[PDB]
């Protein structure tokens, strides 16, 4: 029961387009490694449009779904081709790739550089501010 | 409009100073004069652990049900009765539940004794 | 339930050619990263013929459908040739290519350069004004 | 409220000095005027091996409960009986441990009849 | 039964999010390699947000789960393709890499470089105080 | 507490020297004023083959059930009876897991204290 | 029956978090190769933490389990693919790898380097008091 | 009925940790090559800790077990895949490797340099009391 998941599961008919709550903002900040207080980050938080917010929330939900699916599937890889069902051995690689794709998608939504965070590695552009 | 008061304390009566909790109206409602869609509000604890919410009574025409999430992550779903007077949270949380386990019993190992102590008053004459 | 998804669900027989709703304009800007203020963008809407509008709406519907299918299909890829059905391990790549094709079609209908957007990164034309 | 006291010492009866000891509530409890969600506290033994927990007399609406985690990570289950005074942890450790080998109204009846016999002795007055 | 195991098992509805316990803090220190008393470590422990600690606890639970799974599997690897179920011989490598990723995830949540610890091996971004 | 200057001898009547003996308490034991968690201690035979120990008797409901491990691979169970005097290991090993009875004095003494407080309150009322 | 094996058998719920039993210290010093005193070992035991000790005890428990498993396995390796169950000819090598990882973990949590010990083979971070 | 076998079978719930009678020192000497009279060997025999003695005895028992098993195994190797059971043709090599591993383990426990003895070959460290 992730707090963001427990917030979202109420809005079954789509997702709300009001604004990002401190929980949602905190989660996004964590996902792109941006401390909230950063002036550029908050400045980006302004000028937000409706569909932008909606897509951000959808991407966050997808992040949570894939993250859960990873721990679900890690028990697999124990075997290959049970009877005829061969197992996609890089499947976990696909999960990681889609997850980083979602993170980069968020970064593009906020127009902000994607920096070293908890999911992606080595895709750290111009550090906290311009750095490396 | 009512004010939901709630005092939160550690297990040693120490206030949970600066901790977070949430409230939501799960089903958006309205009155003859206003529209109240689904929204979620967040709050922190004061130095006393007290938190005050500005809430709407669940007199909605269609439906109206609040739900509060604590740091414990337990969900207390409740309805605010009509009226404008401020109401203590414990009152509306009064809709709690009970489960069976022997561990609830040791309090009787005093209370029953105290109840047995009450029997002493009988001989006071 | 995406907002524009329902908005189009109302239009069951084809799609209208009247204008671009603020949601549609916002989604286009999202797809190609053109803030609606940019005169170079708004002028594109001006003098935009009808069949062009129909094509825009068709492409947007396709973008939504393919994007949803992308999230849906991730739970697959666990296996290969379950009993006799081997599956394209690149299927996700196929839908990514389709999405980038759709956004390029969008940008080309408006004669505008496709810039860094959520779907394409580092493979785009002209950037801000003349970047690429 | 109650300053639950406890003394710990090795087989040599030498007290354990400044050793970690843990205590945890198991369910949020609230009285009419206050609310006590889950929390965990820690103590360190003194030079004499003593330790004090300002625990709450946990007779409340919901299932009040405590677990004590010893230096050997053994878990003792017990819920504080009501009262306002320091209490020696051995008493609850033996009474709360009545949950273990939970003799149904046999040990409790043993104590009840012992209380009755004490009252009978007191009757001489 | 690990201390943290039972500690969390008493909480079934998600996980508690108030604060990190001295036991949890000690576990984090141990699994990252930071001595508990290090000033930079305690400073990083300050100013955390709720979702941060929630993710930390999720990562710790995953660490413990995968650690146990590592122990239980060694009795396997005795054979290969018992009758037709062939097992990925690198399952051990997979779980080891997953553990390393989780530790790096912790390090990135704390914003601190990961020093030499039990799980990491030769891939560390720290020394005594800083600069690896 | 109780001591045990038990002695161990080599087969040729010479005494073992610097050979490790072990004792382990198999039950978390606790008296009124102390707790004795499951702990294990080790000792070394003196130059003359004697070994000393400091152990506690059955002070809880569960058995103060020690087991000693000899250098010759053996294990031997027993419970040290009460009193304050050194014991010879021979007799205790001859016996073993003697018996145990419910001792609720920790409960009974607290009950007596609480009852006396209640009676004093009745007198003052 | 190993002494420590019985001592741990006494602990049904996890293992105690108290100071190491002098026999435990003896065994871990054997695993690393210290005479229970090197002016470094005791100071490693001067700095103690609760979760530390539990990790030490579980690691040494695994050391014992793996070593006895190795002792038992040698009777196998006579054959391969009895009917279809093949045998991992590298199984014993896997056990060796696990044992060396365990002792490495012991040293790393104790913050100390590993000298030539009974299990590790030429892979050392130490000689006498210092050899790097 | 090897003398050490007939001595150990009297102890069942483990092995004693009292001391080493001349039989065990003689066997260790033979396995190491040091005549028991060598000062560098007898002095090493001192300062032994109980767990060290237990480990020495376990290693000696394993030496005996593997030595006996070698005699049985040679009656195999006349065949390969009798009906469906393939035979590990290097099994004898595995037994030899385990024996040398145990001998080296003894050497490490006694801290002395493993050298000429019945089992090991060419892994002669220091020859006679000084680097060979």
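We just call them A, B, C, D, E, F, G and H in the order they show up, numbering each chain from 1.
What we mean here is this: a contact is a pair of C-beta atoms (placed from the backbone, for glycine too) under 8 Å apart; a residue touches a chain by one contact, two chains touch by 3 or more.
Trainee: With contacts counted as defined, which of the two, D-E or B-E, has more C-beta pairs across the interface?
Mentor: Output for the comparison: B-E.
Trainee: Could you please state the distance in Å, as a whole number, between where the Cα atoms of subunit F are centred and where those of subunit G are centred?
Mentor: Each chain's C-alpha centroid was found; their separation is 33 Å.
Trainee: How many angstrom between the C-alpha centroids of subunit E and subunit A?
Mentor: Averaging C-alpha atoms per chain gives centres 20 Å apart.
Trainee: Taking each chain's centre as its mean C-alpha position, how far apart are subunit B and subunit H in Å?
Mentor: Distance between chain centres, rounded to whole Å: 71 Å.
Trainee: Averaged over CA atoms, how far is the centre of subunit C from the centre of subunit G? Could you give it in whole Å?
Mentor: Spacing between the chain centres: roughly 58 Å.
Trainee: Residue numbers in subunit A touching 2 or more other chains?
Mentor: 1, 3, 6, 23, 87
Trainee: Mind pulling the subunit F residues that touch 2 or more other chains?
Mentor: 20, 37-39, 75, 111, 115, 119
Trainee: Could you list each pair of chains that touch, in label order?
Mentor: Result for touching pairs of chains: A-B, A-C, A-E, B-D, B-E, B-F, D-E, D-F, D-G, E-G, F-G, F-H, G-H.
Trainee: Under the definition above, what is the set of subunit D residues touching subunit F in their complex?
Mentor: 6-13, 70-72, 74, 87-91, 93-95, 97, 101, 107, 110-111, 114-115, 118, 122
Trainee: In the complex, go through subunit G and note every residue touching subunit F.
Mentor: On the subunit G side, the touching residues are 3, 6-7, 10-11, 16, 18, 21-23.
Trainee: Could you pull out which subunit H residues touch subunit F in their complex?
Mentor: 11-19, 50
Trainee: Of all residues in subunit F, which touch subunit G in the complex?
Mentor: 20, 22, 24, 26, 37-40, 42, 69, 75
Trainee: Can you list the subunit G residues touching subunit H in their complex?
Mentor: Those residues of subunit G that touch subunit H are 1-4, 23, 26-27, 30, 33, 35-36, 71, 74-75, 77-83, 87, 89, 92, 116-118.
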